[PDB]
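Residues in the sequence shown are numbered from 0 upward in steps of one, following the deposited numbering. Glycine included, C-beta positions come from ideal geometry on N, C-alpha and C.
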Amino acid sequence: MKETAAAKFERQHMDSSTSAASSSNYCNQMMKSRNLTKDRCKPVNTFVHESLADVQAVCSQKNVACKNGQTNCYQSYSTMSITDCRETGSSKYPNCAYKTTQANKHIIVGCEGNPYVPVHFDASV
């Protein structure tokens with residue numbers, strides 16, 4: 000089996016199957032099932048509740064600097080439904096624990112390839 004960087008972005012950041020976080024346990028559930036918490040707790044992670052076609056479209060939208068200075072980042076015109084997963088104060092590997100928060104924000108992603116698609120989640124703004 001092979002996993003491309005594009006496929007890794009889908010696993011770590013896409014959930015097209017729901018319009019928003021489905022429960023208060025959503026982040027606990029997803030951080031585990033998407034294998035984000037293997038070797039250490041990932042302290043923050045964003046999931047985007049939008050079609051894959053709509054998120055892939057961002058790579059032809061507003062070119063902006065990534066927060067590390069690189070210039071293959073793009074900001075969405077549209078406002079997207081997202082969930083922010085943030086570690087709780089009591090979270091301690093291997094028993095990682097997250098609070099689920101909901102928002103509606105533009106996203107910034109880094110893009111590569113043909114088709115030109117997201118491979119990195121930079122920020123929501």
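Would you give the residue range spanned by the alpha helix (DSSP H) that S32 belongs to? Per DSSP, the unbroken alpha helix (DSSP H) holding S32 starts and ends at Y25 to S32.
Grab the span of the beta strand (DSSP E) containing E2 for me, first residue to last. First-last for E2: undefined, no H or E at that position.
Identify which residue in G109, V63 and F8 has its Cα closest to the Cα of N34. Comparing Cα-Cα distances from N34 to each of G109, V63 and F8, the minimum goes to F8.
What whole-angstrom Cβ distance do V47 and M13 have, given they're in contact under 8 Å? 6 Å
Rounded to whole angstroms, what is the Cα-Cα separation between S89 and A96? The alpha-carbon atoms of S89 and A96 are separated by roughly 7 Å.
Look at the Cβ atom of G109, then the Cβ atom of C65, and state whether they are nearer than 8 Å. yes
Burial state of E2, where buried means 16 or more other Cβ atoms lie within 10 Å: Label assigned to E2: exposed.
What span of residues does the beta strand (DSSP E) with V108 cover, start to end? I106 to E111
Residues bridged to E86 [DSSP beta-bridge criterion]: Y97
If we call anything under 8 Å between Cβ atoms a contact, is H105 one with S59? no
To the nearest angstrom, how far is the alpha carbon of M30 from that of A19? 15 Å
May I ask which residues mark the beginning and end of the beta strand (DSSP E) holding residue 132? No answer is possible for residue 132: the residues shown for the chain start at 0 and end at 124.
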